[PDB]
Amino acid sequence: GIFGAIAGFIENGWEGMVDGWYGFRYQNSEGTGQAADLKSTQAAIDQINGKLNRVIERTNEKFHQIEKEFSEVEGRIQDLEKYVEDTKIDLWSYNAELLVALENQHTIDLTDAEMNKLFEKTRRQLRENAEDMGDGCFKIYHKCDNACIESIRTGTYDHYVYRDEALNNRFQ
């Protein structure tokens, strides 16, 4: 992916997260943890669901058409009938190929993007209270119990209350 998150600075996915598409693991004073992130998960799902429906219009009722298969040889006008159907089919085959490939590109690009946005969202709450460890984790330089971690997962972390403790511990 162009963001380099999935199969990038996040080394691998987690099989033990059956609870969502993206989430957190952590280690703190009350032990180790894991929690899915709903916001990001739904943001990605909502873009994937009904993707074709944005481009391919509703199946269209088609009735009497031309013959496409023939019992005897005729020549000129049968050549034209065949060539028209052959042309049609090659164009829709091309369209189908193109569509799936760029639609899949977009799926892969967008799911990597959500992984990146979640990392960036988390970095921005933490401010100078944490460091990027280079592997998709943050070292948080203060005591952070389960409620503290939850405030980060839920977008409510107030970094100012921990700021002084974080600075004390951060330079040794």
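In this text, residue numbers run from 1 along the sequence as written.
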Inset, instruction - Could you settle it for me: does 81-89 or 67-75 have the higher average Cα B factor in the PDB entry? - result: 67-75
Legend entry - Higher-scoring stretch by recorded Cα B factor average, 2-10 or 163-171: 163-171
Inset, instruction - Just grab whichever of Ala35, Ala113, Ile56, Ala130 has the top CA B-factor as deposited. - result: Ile56
Legend entry - Top Cα B factor in the deposited entry, candidates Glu61, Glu103, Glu120, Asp109: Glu61
Inset, instruction - Could you look up the Cα B-factor of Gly136 in the entry and say which third of the chain it sits in: lowest, middle or highest? - result: lowest
Legend entry - Third of chain Cα B-factors occupied by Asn49: highest
Legend entry - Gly20 CA temperature factor, ranked by third within the chain: middle
